[PDB]
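A.B. asks: So I pulled this structure from the PDB, and the sequence comes with it:
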Amino acid sequence: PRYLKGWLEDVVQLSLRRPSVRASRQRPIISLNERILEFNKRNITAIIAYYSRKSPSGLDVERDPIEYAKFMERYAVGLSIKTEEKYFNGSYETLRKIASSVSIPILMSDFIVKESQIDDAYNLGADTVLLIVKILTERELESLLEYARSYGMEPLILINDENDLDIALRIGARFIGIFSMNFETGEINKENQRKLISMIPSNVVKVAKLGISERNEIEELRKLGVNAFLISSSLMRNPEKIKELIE
Ligand SMILES: *C(C)CC(=O)c1ccc2cc(OC)ccc2c1
Ligand SMILES: *C(C)CC(=O)c1ccc2cc(OC)ccc2c1
């Protein structure tokens with residue numbers, strides 16, 4: 001990984017030590033990016049619902065993961081499952097149980113810094129993985145992209161700024177998650193998020209992290225080329241809100 005400071009350094013060190021799983025996959029790879037394109041063609045708003053027991057954002061919600069997943073199966077384009085343990089209270093067992101319970105695409109959201117974590121995602125039933133430009137050297141990012149692609153996954157590449165985008169495009173990203181998160185305030189910079197979206201080629205599938213969980217924001221972004229939306233706290237708090245977001 002890159003050399004880091006603070007809690008990202010900590011979580012990367014934890015991740016490097018994470019024991020791998022041994023399990024045979026007995027679930028198809030259900031492509032998230034393709035399902036998003038399908039929703040776009042059908043004019044159905046495509047929302048990727050997070051399951052996250054905790055978040056550094058103040059998030060502290062206990063709710064049954066299977067009940068949540070089965071509810072979202074009806075509405076969401078896919079699920080994003082936090083599997084990082086220390087800051088998000090995630091677990092591989094929770095991912096496995098969720099994957100064994102629904103047949104919509106599942107993104108394993110963690111801090112992937114070694115190949116065996118991609119093996120873990122595959123073996124546990126996830127359909128793809130998050131890769132984070134800001135924690136990986138360029139060579140690592142390219143290699144891990146290729147390694148995920150070796151399983152038939154297309155990873156979601158997380159960018160937070162223009163430097164991350166330059167790297168992501170150079171290494172061949174085709175599925176990009178645009179955050180533009182400030183870690184002091186914990187707020188999405190909407191202006192910058194929009195600038196980044198405008199800089200992405202038309203042949204990249206684009207997912208925006210939503211801070212403001214409202215229909216009008218979705219409509220503006222969709223107009224600007226965004227294909228799908230990641231939404232976390234508001235859906236963990238009130239799952240049924242997704243219905244009003246998709247109309
Ligand atoms: C989960 C709700 C968000 C998450 O897992 C995550 C990971 C890494 C990351 C890096 C950023 O900048 C480099 C911004 C946001 C973010 C969110
Ligand atoms: C999504 C609207 C917020 C999100 O993904 C996120 C991820 C990680 C993170 C870390 C923080 O501490 C450094 C603060 C906020 C925050 C928000």
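C.D. replies: That came through fine. Numbering: from 1, shown residues only. Ligands and ions are numbered 1, 2, ... in the order given.
A.B. asks: tell me what whatever helix or strand residue 70 lives in is packed against?
C.D. replies: Here residue 70 sits within helix 65-73, counting by DSSP states H and E. Contact here means 3 or more C-beta pairs under 8 Å, 6 or more residues apart in numbering; DSSP states H and E; on that basis helix 65-73 packs against strand 47-51, strand 78-82, helix 92-99. C-beta: built from backbone N, CA, C; applies to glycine.
A.B. asks: Including mean neighbour count, could the ones you listed go into CSV?
C.D. replies: Shown next, in CSV, are these (neighbours: other C-beta atoms under 10 Å):
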stretch, mean neighbour count
strand 47-51, 26
strand 78-82, 27
helix 92-99, 20
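A.B. asks: Looking at these, spot the one closest to ligand 2.
C.D. replies: With C-beta to the nearest ligand atom as the criterion, ligand 2 lies closest to strand 47-51 of those, at 8.3 Å.
A.B. asks: Near ligand 2, which residues of this structure are found?
C.D. replies: 7, 56-57, 181, 183, 186, 188, 209, 211, 232 (C-beta under 6 Å from any ligand atom).
A.B. asks: Highest neighbour count among these?
C.D. replies: Among those, the one with the most neighbours (other C-beta atoms under 10 Å) is residue 232, at 22 neighbours.
A.B. asks: Which residue, other than its chain neighbours, is closest to it?
C.D. replies: Once flanking residues are discounted, residue 232 sits nearest to residue 50: 3.9 Å by C-beta to C-beta, 6 or more residues apart in numbering.
A.B. asks: ditto for residue 188
C.D. replies: That would be residue 211: by C-beta to C-beta, 6+ apart, it lies 3.6 Å from residue 188.
A.B. asks: ok, now how distant is that neighbour from residue 96?
C.D. replies: 30 Å (C-beta to C-beta, to the nearest Å).
A.B. asks: Equivalent analysis for residue 62, please.
C.D. replies: Separation of residue 62 from residue 96 (C-beta to C-beta): 19 Å.
A.B. asks: Pull the contacting residues for residue 54.
C.D. replies: Residue 54 is in contact with 60-61, 87-89, counting by C-beta atoms under 8 Å, 6 or more residues apart in numbering.
A.B. asks: Helices of the chain, start to end?
C.D. replies: 6-16, 32-41, 65-73, 92-99, 115-124, 138-149, 162-170, 190-198, 215-223, 233-237, 241-246 (DSSP state H).
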